[PDB]
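Have a look at the structure below, then the notes.
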Amino acid sequence: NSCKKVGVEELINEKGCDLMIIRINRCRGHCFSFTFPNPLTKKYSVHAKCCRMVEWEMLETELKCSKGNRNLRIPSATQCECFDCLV
Amino acid sequence: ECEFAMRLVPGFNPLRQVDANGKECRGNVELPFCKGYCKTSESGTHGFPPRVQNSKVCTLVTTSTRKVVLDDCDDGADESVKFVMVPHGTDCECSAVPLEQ
């Protein structure tokens with residue numbers, strides 16, 4: 001189990017607005033999981049971990065467009081961990 | 001990345017099936033069992049939904065179906081409870097389909 005925080009530079013290059021570089025965080029990694037076809041329930045019996053961000057921070061900004069500046073919102077990770085995929 | 005094995009599950013060690021008239025057939029049933037560490041990720045994104053999940057679990061690659069017979073049967077049991085239909089394959093892959101249902 002290894003779920004790590006990874007920094008991401010992201011370029012916004014939309015026609016009309018000023019380019020803008022945004023530095024955020026995402027979670028990436030490998031967690032354990034197993035699954036078998038339960039025919040008694042006729043469904044998949046799943047017991048799975050997934051690399052997810054437990055806590056995050058919103059990241060707002062102004063995109064300087066020629067026809068009206070916009071306000072953008074992005075989540076950025078603060079703690080990455082192997083947790084339930086469905087929660 | 002993933003791993004395949006035929007295993008015995010609590011409910012199927014052994015499996016019991018009861019018909020009308022109360023006649024029961026029991027018997028162990030091996031199940032295809034996929035397990036491993038899939039590469040997963042969660043990232044913040046613009047707009048809605050604000051989050052993106054590359055979530056994946058080790059799932060069986062279904063290539064056929066197996067009809068397993070329960071041996072230990074009560075006298076005069078119906079045939080419908082003497083068999084079980086199980087999806088069967090040979091390899092496991094990282095897939096998100098089990099999470100959907």
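Residue numbering restarts at 1 in every chain; chains get A, B, ... in the order shown in the structure tokens, and ligands count up from 1 in that same order.
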Just want the 6 Å neighbourhood of range 66-74 of chain A, counted on only C-alpha atoms, with same-chain residues fewer than 6 positions away dropped. Output as a list in words. residues 16, 17, 58, 59 and 60 of chain A; 44, 45 and 46 of chain B
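Here the residues within range 3-63 of chain B that DSSP labels helix (DSSP H, G or I) on the basis of the backbone are residues 10, 11, 12, 20, 21 and 22 of chain B.
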Restricting the output to N, CA, C and O atoms, write the selected residues as a short mmCIF file (atom, residue, chain, number, x, y, z; two decimals), in the first residue's frame.
```cif
data_model
loop_
_atom_site.label_atom_id
_atom_site.label_comp_id
_atom_site.auth_asym_id
_atom_site.auth_seq_id
_atom_site.Cartn_x
_atom_site.Cartn_y
_atom_site.Cartn_z
N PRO B 10 -16.55 -18.22 3.11
CA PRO B 10 -17.46 -18.59 4.21
C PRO B 10 -18.80 -19.17 3.79
O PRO B 10 -19.17 -20.27 4.22
N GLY B 11 -19.54 -18.46 2.93
CA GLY B 11 -20.86 -18.92 2.53
C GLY B 11 -20.85 -20.15 1.65
O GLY B 11 -21.89 -20.81 1.52
N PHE B 12 -19.71 -20.48 1.05
CA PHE B 12 -19.61 -21.59 0.10
C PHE B 12 -18.68 -22.68 0.62
O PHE B 12 -18.04 -23.38 -0.16
N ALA B 20 -38.46 -26.10 -2.76
CA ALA B 20 -39.76 -26.39 -2.18
C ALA B 20 -39.80 -27.85 -1.74
O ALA B 20 -39.12 -28.70 -2.32
N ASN B 21 -40.60 -28.12 -0.71
CA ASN B 21 -40.69 -29.37 0.05
C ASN B 21 -39.53 -29.51 1.03
O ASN B 21 -39.46 -30.52 1.74
N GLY B 22 -38.62 -28.54 1.09
CA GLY B 22 -37.59 -28.52 2.12
C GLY B 22 -36.43 -29.46 1.92
O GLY B 22 -35.67 -29.68 2.87
#
```
Produce a table with one row for each residue of range 15-63 of chain B that has an atom at most 9 Å from any atom of range 71-85 of chain B, each row naming the nearest atom pair and its distance in Å at one decimal; use only C-alpha atoms; arrange rows by chain and rising residue number; format as CSV.
```
residue,atom,partner,partner_atom,distance
B:16,CA,B:81,CA,8.6
B:17,CA,B:81,CA,5.4
B:18,CA,B:81,CA,6.5
B:19,CA,B:81,CA,6.3
B:20,CA,B:78,CA,8.0
B:21,CA,B:77,CA,8.3
B:22,CA,B:77,CA,8.3
B:23,CA,B:77,CA,5.0
B:24,CA,B:74,CA,5.6
B:25,CA,B:73,CA,4.1
B:26,CA,B:72,CA,5.3
B:27,CA,B:71,CA,5.8
B:28,CA,B:71,CA,8.8
B:29,CA,B:84,CA,8.8
```
Just the selected residues (N, CA, C and O atoms), exported as a PDB file, in the first residue's frame, please.
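File result.pdb, as written:
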```pdb
ATOM      1  N   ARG B  16     -25.227 -24.525   0.734  1.00  0.00           N
ATOM      2  CA  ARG B  16     -26.489 -25.213   0.962  1.00  0.00           C
ATOM      3  C   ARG B  16     -27.573 -24.595   0.088  1.00  0.00           C
ATOM      4  O   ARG B  16     -27.658 -23.370  -0.036  1.00  0.00           O
ATOM      5  N   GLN B  17     -28.400 -25.448  -0.517  1.00  0.00           N
ATOM      6  CA  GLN B  17     -29.498 -25.008  -1.368  1.00  0.00           C
ATOM      7  C   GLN B  17     -30.760 -25.766  -0.987  1.00  0.00           C
ATOM      8  O   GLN B  17     -30.745 -26.998  -0.907  1.00  0.00           O
ATOM      9  N   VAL B  18     -31.848 -25.032  -0.762  1.00  0.00           N
ATOM     10  CA  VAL B  18     -33.119 -25.608  -0.344  1.00  0.00           C
ATOM     11  C   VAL B  18     -34.173 -25.274  -1.391  1.00  0.00           C
ATOM     12  O   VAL B  18     -34.283 -24.123  -1.827  1.00  0.00           O
ATOM     13  N   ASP B  19     -34.940 -26.282  -1.790  1.00  0.00           N
ATOM     14  CA  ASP B  19     -36.032 -26.143  -2.737  1.00  0.00           C
ATOM     15  C   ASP B  19     -37.369 -26.089  -2.002  1.00  0.00           C
ATOM     16  O   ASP B  19     -37.427 -26.036  -0.770  1.00  0.00           O
ATOM     17  N   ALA B  20     -38.460 -26.097  -2.763  1.00  0.00           N
ATOM     18  CA  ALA B  20     -39.757 -26.389  -2.179  1.00  0.00           C
ATOM     19  C   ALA B  20     -39.796 -27.849  -1.743  1.00  0.00           C
ATOM     20  O   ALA B  20     -39.119 -28.704  -2.319  1.00  0.00           O
ATOM     21  N   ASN B  21     -40.599 -28.122  -0.714  1.00  0.00           N
ATOM     22  CA  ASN B  21     -40.690 -29.373   0.047  1.00  0.00           C
ATOM     23  C   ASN B  21     -39.529 -29.510   1.029  1.00  0.00           C
ATOM     24  O   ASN B  21     -39.462 -30.520   1.744  1.00  0.00           O
ATOM     25  N   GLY B  22     -38.616 -28.542   1.093  1.00  0.00           N
ATOM     26  CA  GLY B  22     -37.592 -28.518   2.118  1.00  0.00           C
ATOM     27  C   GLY B  22     -36.425 -29.460   1.922  1.00  0.00           C
ATOM     28  O   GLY B  22     -35.668 -29.680   2.873  1.00  0.00           O
ATOM     29  N   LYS B  23     -36.248 -30.024   0.728  1.00  0.00           N
ATOM     30  CA  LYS B  23     -35.117 -30.908   0.472  1.00  0.00           C
ATOM     31  C   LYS B  23     -33.885 -30.080   0.129  1.00  0.00           C
ATOM     32  O   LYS B  23     -33.936 -29.205  -0.740  1.00  0.00           O
ATOM     33  N   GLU B  24     -32.778 -30.359   0.813  1.00  0.00           N
ATOM     34  CA  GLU B  24     -31.581 -29.536   0.733  1.00  0.00           C
ATOM     35  C   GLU B  24     -30.418 -30.331   0.150  1.00  0.00           C
ATOM     36  O   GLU B  24     -30.264 -31.525   0.422  1.00  0.00           O
ATOM     37  N   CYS B  25     -29.605 -29.651  -0.656  1.00  0.00           N
ATOM     38  CA  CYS B  25     -28.366 -30.196  -1.195  1.00  0.00           C
ATOM     39  C   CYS B  25     -27.205 -29.310  -0.766  1.00  0.00           C
ATOM     40  O   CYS B  25     -27.266 -28.085  -0.923  1.00  0.00           O
ATOM     41  N   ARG B  26     -26.155 -29.924  -0.224  1.00  0.00           N
ATOM     42  CA  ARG B  26     -24.978 -29.197   0.227  1.00  0.00           C
ATOM     43  C   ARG B  26     -23.742 -29.652  -0.540  1.00  0.00           C
ATOM     44  O   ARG B  26     -23.722 -30.716  -1.165  1.00  0.00           O
ATOM     45  N   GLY B  27     -22.707 -28.814  -0.486  1.00  0.00           N
ATOM     46  CA  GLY B  27     -21.444 -29.118  -1.134  1.00  0.00           C
ATOM     47  C   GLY B  27     -20.498 -27.940  -1.265  1.00  0.00           C
ATOM     48  O   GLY B  27     -20.926 -26.823  -1.572  1.00  0.00           O
ATOM     49  N   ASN B  28     -19.207 -28.180  -1.034  1.00  0.00           N
ATOM     50  CA  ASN B  28     -18.201 -27.138  -1.202  1.00  0.00           C
ATOM     51  C   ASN B  28     -18.208 -26.617  -2.635  1.00  0.00           C
ATOM     52  O   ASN B  28     -18.432 -27.371  -3.586  1.00  0.00           O
ATOM     53  N   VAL B  29     -17.967 -25.316  -2.786  1.00  0.00           N
ATOM     54  CA  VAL B  29     -17.937 -24.668  -4.093  1.00  0.00           C
ATOM     55  C   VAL B  29     -16.750 -23.717  -4.125  1.00  0.00           C
ATOM     56  O   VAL B  29     -16.718 -22.734  -3.375  1.00  0.00           O
TER      57      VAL B  29
END
```
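With only C-alpha atoms as the atoms that count, the minimum distance from residue 34 in chain A to the choices A:50, A:12, A:87, A:19 is reached by A:50.
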8 Å contacts from chain B to chain A using only C-alpha atoms, as an mmCIF file with C-alpha atoms, in the first residue's frame:
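Printed below is out-v4.cif as written:
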```
data_model
loop_
_atom_site.group_PDB
_atom_site.id
_atom_site.type_symbol
_atom_site.label_atom_id
_atom_site.label_comp_id
_atom_site.auth_asym_id
_atom_site.auth_seq_id
_atom_site.Cartn_x
_atom_site.Cartn_y
_atom_site.Cartn_z
ATOM 1 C CA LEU B 31 -14.930 -19.493 -6.389
ATOM 2 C CA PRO B 32 -12.615 -17.504 -8.685
ATOM 3 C CA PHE B 33 -10.735 -15.052 -6.488
ATOM 4 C CA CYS B 34 -8.877 -12.016 -7.839
ATOM 5 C CA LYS B 35 -6.589 -9.951 -5.627
ATOM 6 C CA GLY B 36 -3.805 -7.431 -6.024
ATOM 7 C CA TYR B 37 -2.706 -3.799 -5.957
ATOM 8 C CA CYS B 38 -4.281 -1.781 -8.763
ATOM 9 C CA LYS B 39 -2.943 1.665 -9.617
ATOM 10 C CA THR B 40 -5.483 4.207 -8.351
ATOM 11 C CA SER B 41 -5.537 7.979 -8.100
ATOM 12 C CA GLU B 42 -7.691 10.926 -7.098
ATOM 13 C CA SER B 43 -7.170 14.423 -8.462
ATOM 14 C CA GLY B 44 -8.806 17.804 -8.114
ATOM 15 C CA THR B 45 -10.450 19.133 -11.258
ATOM 16 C CA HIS B 46 -12.334 22.159 -12.530
ATOM 17 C CA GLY B 47 -16.109 22.501 -12.450
ATOM 18 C CA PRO B 50 -14.665 18.766 -8.370
ATOM 19 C CA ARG B 51 -12.915 15.391 -7.938
ATOM 20 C CA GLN B 53 -11.177 9.056 -9.254
ATOM 21 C CA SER B 55 -10.376 3.876 -8.953
ATOM 22 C CA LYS B 56 -9.853 0.262 -9.997
ATOM 23 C CA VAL B 57 -10.154 -3.166 -8.377
ATOM 24 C CA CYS B 58 -8.805 -6.560 -9.403
ATOM 25 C CA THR B 59 -11.720 -8.129 -11.300
ATOM 26 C CA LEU B 60 -12.063 -11.500 -12.995
ATOM 27 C CA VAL B 84 -24.936 -23.585 -9.296
ATOM 28 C CA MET B 85 -23.953 -21.239 -12.137
ATOM 29 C CA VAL B 86 -20.679 -19.378 -11.520
ATOM 30 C CA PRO B 87 -18.834 -16.964 -13.843
ATOM 31 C CA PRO B 98 -17.536 -4.013 -9.566
ATOM 32 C CA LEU B 99 -17.789 -0.551 -8.009
ATOM 33 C CA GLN B 101 -23.314 -2.095 -9.114
#
```
Just the strand (DSSP E or B) stuff from range 36-86 of chain A, please, per backbone DSSP, written as a VMD selection string. chain A and resid 36 to 38 43 to 63 65 70 to 84
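The coordinates place CA of residue 22 in chain A at 9.0 Å from CA of residue 61 in chain A.
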Can you work out the spacing between CA of residue 23 in chain A and CA of residue 9 in chain A in Å, to one decimal? 4.5 Å
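With only C-alpha atoms as the atoms that count, the residue of B:8, B:2, B:96, B:15 with the shortest distance to residue 70 in chain B is B:15.
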Do you have the CA of residue 55 in chain A-CA of residue 13 in chain A distance handy?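 Distance reported for this atom pair: 28.7 Å.
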